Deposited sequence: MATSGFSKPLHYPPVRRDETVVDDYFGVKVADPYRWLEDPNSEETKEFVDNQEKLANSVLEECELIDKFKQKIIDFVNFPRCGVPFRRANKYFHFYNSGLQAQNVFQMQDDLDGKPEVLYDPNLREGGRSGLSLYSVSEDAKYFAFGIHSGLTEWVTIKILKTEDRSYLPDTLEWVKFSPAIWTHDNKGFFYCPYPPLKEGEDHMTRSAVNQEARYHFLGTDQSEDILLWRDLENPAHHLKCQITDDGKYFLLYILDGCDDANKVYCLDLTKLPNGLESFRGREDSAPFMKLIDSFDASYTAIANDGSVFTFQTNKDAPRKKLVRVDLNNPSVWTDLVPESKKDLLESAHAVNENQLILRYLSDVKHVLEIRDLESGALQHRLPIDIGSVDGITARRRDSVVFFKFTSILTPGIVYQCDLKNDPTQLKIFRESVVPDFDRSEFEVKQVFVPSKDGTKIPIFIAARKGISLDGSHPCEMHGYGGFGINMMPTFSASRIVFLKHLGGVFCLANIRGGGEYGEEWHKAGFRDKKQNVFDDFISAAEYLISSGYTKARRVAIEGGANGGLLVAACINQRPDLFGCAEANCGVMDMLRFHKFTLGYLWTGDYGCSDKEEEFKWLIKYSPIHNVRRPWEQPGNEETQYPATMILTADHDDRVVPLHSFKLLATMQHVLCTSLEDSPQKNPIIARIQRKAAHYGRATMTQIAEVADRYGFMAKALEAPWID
């Protein structure tokens, strides 16, 4: 039962073209008429944003289901959520949200069913604009180190509170982004990885003593000869070794440097770069330390193991590595955790479903295998000394379960510790299945399909498909309240496509969708839409596609290549200028997956799919005269420092020019708009802000797909 779609005439605002900007890339001339949009501070760019906001508001005013979606999302997400607890000393800590708090509150308890005490409430600062990203509790549970944002930048300030009375220490550590705070077992301070004072280059590893100014922090590592190398760090569970991981770019590969803290004459004060044991000193493979017994370390690695494995090495004999748990021939070893003193919990991904294995740490022998339902297990935080492991399970139809596995007393049983419940939602009316569909080259692409049980496969249903496809990221079918609104009140079918470029089948899956093979990602996604149409879930023009960042690139490339397949396209903070992405903020870190236009071979890949360079009028191709672009919403925060908004702005300007304003009477009737969030960064928006964005997104989609509300 179709509704009316977009019909009001659109007044696209004037956008100036700089016709003089032309670059030569290895003999190919590329015009960049919206180069000036790369300056966010100019009056012309600010005017562009104001004008696009005005246009978007006029279009969204005609989407009459926005208010209905908004209230239903609010109602469906209005349930208490307890994060996975973790233990320090004899205290437990976790995040909590009563349902509609702007941000999660960090709580402490004396026991798992004892009275929670609020340690830090981000809702009290700036209306909960930002939540906590860095949170770290000392070994004695006396101190809590956490990161606060000051303004809309990605820079974090680390503060420390005493858990006993919630009083702040005077200590303030600036120039941090994503660093952890890694405590020594003496409780005297912590390792962290700041950048030098005034860009994010020349990252350092430092140690901060409690009660001192940042200027007194001990330098452990820097490398002025490699300014773009970035750092992660870790301390072993016994407190004896500090591990520094050095990474280059976005690749899953790192060095491993090991510092023996017990051999230092006067502790870390001895360094008032330090003498690291350079166990791995190349970028050939990934290595994450799982456990050690003295100098004998157990690592997870992808070395000669695209699906990963566990290996063991003695630091005293560092050339000799031995497999502990061999690489599986089919399943990805996603993570491993030492627990209950002498065991390992392994999280495998087997055809995009989790399987947990409990193994003996010393021998690697399998003890128990726990297959998990469709969804995702994550947040295993238990340490080697802990006998009880907690983790979180979520799925499309399961809002959130915190499971407990007591390895001492009842190791085969997952016990429910906390269970979230969606109000006024009957899970049993819906189902999720996994199917495998062929890509253009024959490759099996897993997809998850969620819908009401017993629907007719008559092509009548609106369909939303989501994907990412890059950077070895695994796309799991997790819970979204807005997705349930779509299924229930729009009679929708939801599809999550596990396309190449992700990590789901290991490094070979990732490499089959990066660099020269990035086009495979788009073909995979297109093939999934074709399957949904051929099998009768939906029809072309009732399919909506959505993705963010690298997934926004996915959306923009697919609508350029196959505009006929889609009725709605929503690209959140997409990477749209593939020739220039490497020049802005941290875009240079992505050249591993994408390539870079400064090399001819790589330019040739990039130009073929770069969204702003491939906008073409589909109706000018013979036999395609009835085709237009789908209704398109480009979403971005106005101060996204991860993916700069110029990408979105240049695509928007290019689409509006090619399809609408360069012609006096264009066949393009579907609107091409941007929803620009004012005063927002990349990082985690407050509950109501996020709900407002998602309601706008679904209202626009409902109108674009001509899908009526049910209820």
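Q: Can you list the gaps, numbered from 1 on the deposited sequence, where no C-alpha is modelled?
A: Sequence ranges with no C-alpha atoms are 199-207, 282-285.
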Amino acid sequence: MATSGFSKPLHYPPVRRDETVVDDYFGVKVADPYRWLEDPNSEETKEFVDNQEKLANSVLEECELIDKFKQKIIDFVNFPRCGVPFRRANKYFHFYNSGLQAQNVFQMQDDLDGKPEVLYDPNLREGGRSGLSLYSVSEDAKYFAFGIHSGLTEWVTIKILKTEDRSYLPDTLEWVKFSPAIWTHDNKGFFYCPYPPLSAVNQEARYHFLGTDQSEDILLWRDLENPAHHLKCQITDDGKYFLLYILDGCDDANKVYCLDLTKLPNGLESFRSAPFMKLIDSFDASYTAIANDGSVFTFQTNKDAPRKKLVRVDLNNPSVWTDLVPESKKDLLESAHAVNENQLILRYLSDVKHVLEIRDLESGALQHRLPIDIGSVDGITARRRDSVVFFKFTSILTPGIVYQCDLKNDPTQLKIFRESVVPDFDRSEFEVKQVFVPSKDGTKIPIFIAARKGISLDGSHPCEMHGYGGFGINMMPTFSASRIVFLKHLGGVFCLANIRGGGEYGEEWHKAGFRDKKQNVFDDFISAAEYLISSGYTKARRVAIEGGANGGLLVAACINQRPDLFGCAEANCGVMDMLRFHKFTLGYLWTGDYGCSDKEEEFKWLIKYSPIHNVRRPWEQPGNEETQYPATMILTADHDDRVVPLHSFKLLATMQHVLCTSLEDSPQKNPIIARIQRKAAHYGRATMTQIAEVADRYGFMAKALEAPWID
From here on, numbers count along this sequence of modelled residues.
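Q: So, looking at the entry's B-factor column for Cα atoms, which has the higher mean, 557-565 or 311-319?
A: The stretch with the larger average C-alpha B-factor is 311-319.
Q: Where do the C-alpha atoms have the higher mean temperature factor in this entry, in 59-67 or in 647-655?
A: Result of the comparison: 59-67.
Q: Out of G470, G492, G454, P399, which one has a C-alpha B factor higher than all the others in the entry?
A: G454 has the highest C-alpha B-factor of those listed.
Q: Specify which of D410, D523, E530, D516 carries the largest Cα B factor in the deposited PDB entry.
A: Max CA B-factor in the entry, restricted to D410, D523, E530, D516: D410.
Q: Which third, lowest, middle or highest, does the C-alpha temperature factor of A707 belong to within its own chain?
A: For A707, the deposited C-alpha B-factor lands in the middle third.
Q: Among all modelled residues of this chain, ranked by Cα B factor, put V15 in the bottom, middle or top third, i.e. lowest, middle or highest.
A: For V15, whose C-alpha B-factor we compare with every modelled residue in the chain, the answer is the middle third.
Q: Using only modelled residues of the chain, where does the Cα B factor of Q668 rank: lowest third, middle third or highest third?
A: As the PDB entry reports it, the C-alpha B-factor of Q668 lands in the middle third of its chain.
Q: Please place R125 in the lowest, middle or highest third of its chain by C-alpha B factor as given in the entry.
A: Within its chain, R125 is a highest-third residue by C-alpha B-factor, going by the deposited values.
Q: Comparing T212 with the other modelled residues of its chain, is its CA B-factor in the lowest, middle or highest third?
A: Its C-alpha B-factor belongs to the middle third of this chain's values.
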